[PDB]
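In: so I've got this experimental structure, pasted below with the sequence.
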Amino acid sequence: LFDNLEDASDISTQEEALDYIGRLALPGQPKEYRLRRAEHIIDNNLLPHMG
């Protein structure tokens, strides 16, 4: 895991990853909408059988 860590965990800090997600989701500066879109997506798409 040290590998994966070294390639991405070194480049991406915290909470910015969410930005990269809502990023790919919504192309066009929406700060609010980007973050809330990504947040919406994590909860409503990722293993929704878990919550």
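Out: Perfect, I can see it now. Residues are numbered from 1 along each chain as shown.
In: so the residue positioned nearest the centre of the chain is in which element?
Out: Central residue of the chain (Cα atoms, centre = their mean): residue 18, 2.5 Å from the mean position. Assigned by DSSP states H and E, residue 18 falls within helix 16-25.
In: residues contacting that helix, please?
Out: Under the criterion Cβ atoms under 8 Å, 6 or more residues apart in numbering, residues 12, 33, 34, 35, 36, 37, 38, 39, 41, 42 lie in contact with helix 16-25. C-beta: built from backbone N, CA, C; applies to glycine.
In: what helices or strands is the following helix or strand past it leaning on?
Out: Note on helix 16-25: by DSSP H and E, the next helix or strand toward the C-terminus is helix 32-45. In terms of contacts (3 or more Cβ pairs under 8 Å, 6 or more residues apart in numbering; DSSP states H and E), helix 32-45 is packed against helix 16-25.
In: residues of the helix it packs on that come out buried?
Out: Under the neighbour-count criterion of 16 or more other Cβ atoms under 10 Å, helix 16-25 has 18, 21, 22 buried.
In: okay, angle between the helix holding residue 18 and helix 32-45 too, please.
Out: 90 degrees (axes from the mean of the first three to the mean of the last three Cα atoms, to 10 degrees).
In: run the chain-centre distance for helix 16-25.
Out: Relative to its chain's centre, helix 16-25 lies at 4 Å (Cα atoms, centre = their mean, to the nearest Å).
In: ditto for stretch 43-51
Out: Taking Cα atoms, centre = their mean, one finds the center of stretch 43-51 at 15 Å from the center of the full chain.
In: what's the end-to-end length of that stretch?
Out: 7 Å (Cα to Cα, to the nearest Å).
In: just stretch 4-22 next, same as before
Out: Stretch 4-22: ends 22 Å apart by Cα to Cα.
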